[PDB]
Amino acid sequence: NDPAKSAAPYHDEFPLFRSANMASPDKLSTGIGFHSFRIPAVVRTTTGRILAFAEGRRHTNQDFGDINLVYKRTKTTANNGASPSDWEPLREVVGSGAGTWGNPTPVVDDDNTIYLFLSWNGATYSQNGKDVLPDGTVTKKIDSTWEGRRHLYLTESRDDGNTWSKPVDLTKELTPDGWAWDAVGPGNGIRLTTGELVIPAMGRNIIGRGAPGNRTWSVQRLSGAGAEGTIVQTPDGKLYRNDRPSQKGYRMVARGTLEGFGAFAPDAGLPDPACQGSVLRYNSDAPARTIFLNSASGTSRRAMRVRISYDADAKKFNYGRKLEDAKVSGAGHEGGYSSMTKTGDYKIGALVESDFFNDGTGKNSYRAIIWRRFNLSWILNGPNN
């Protein structure tokens, strides 16, 4: 039995990061605009304010080149981001240089310090190499040199997201030596019942211990982990990694504690097309719930489905509800990376990528990000479960 099913279903949805092709495209106050927005992350702070982050991809939808880390906040701590007018204009966390600032992975600490882990690479490097930049420059492949590797940066805010520190490079401390490619998140980290922070990253968790907003960091290496991971604390208090697979098929799941994890294995209940997903601890009292969101397809990113598990170890999720049951118009084809938070008014708030697909899979396809709010009742009253 879930009493939430008896509440009135609630949903609303609208574009929050508007690509350059849309009416009223999102630009910074400096006039700097963006072809595409990708790679969402969202958190609710301890005040109730919502912070939404994304990669502002300047010139194309590509993963490399000039990409800035951008964000929006709710105007007040109490408005819950319910309508477009509730959100501030686009701001920038970091945009220095013509390199890539991305993979936003925020976590809100107990003191309300908001930590934001990020990945960086140089202006003339790309994951595969030999990619053509807008000016015709051909990229070098990301490699293990200081200049050519993926870095891990940390910034934080002490004023509810209003301002951000200059990002500090933590690569030598928190990325293993000899690495070339790297990734943190993207999506979110968590705070455990026992007080530690856990931030998911490629092949590892980053663990924060000690005083809120003055944490010491260490690395928990994980055998079999993916590049793009998610982390949740399940109702049993254990840790749960749910990672993007290297090949299309299913989410890769492992369970553990701060002392170690077991093996990663595909979750046959969670089809995935090799794309990022998101996971969220909703509540701990009966009935305890974990929420999961991804594209529920072995092939397509356009099958977004939000689900609930009542299991103490999140063994099984229900069918849930397709996001297309509450479709957004005028913002392209919804589907891709996502991020979820709980809102101050007992809703789930989700950011979800969308793709106009005007250039197909090509670099000129405009990408936007949708903001959704829905309650548990909305999920539970879905026509397929």
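Don't overthink the numbering: it's just position in the shown sequence, from 1.
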Exercise. Pick between 279 to 287 and 145 to 153: the one whose mean CA B-factor in the entry is higher.
Key: 279 to 287
Quiz prompt | 170 to 178 versus 125 to 133 - greater average Cα B-factor per the deposited record | solution = 125 to 133
Quiz item: Out of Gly320, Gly349, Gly330, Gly335, which one has a C-alpha B factor higher than all the others in the entry?
Solution: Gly330
Self-check item: Criterion, highest CA B-factor; candidates, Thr194, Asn242, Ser119, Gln220
Solution: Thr194
Practice problem: For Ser365, return the chain-relative third of its C-alpha B-factor as stated in the PDB record: lowest, middle or highest. | Solution: middle
Exercise. Can you work out whether the C-alpha temperature factor of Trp101 puts it in the lowest, middle or highest third of the chain?
Key: middle
Practice problem: Pull the Cα B-factor of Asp26 out of the PDB entry and bin it into the chain's lowest, middle or highest third. | Solution: middle
Quiz item: What third of its chain's C-alpha B-factors does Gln62 belong to: lowest, middle or highest?
Solution: middle
Quiz item: Compared with the other modelled residues in the chain, in which third is the CA B-factor of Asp355?
Solution: middle
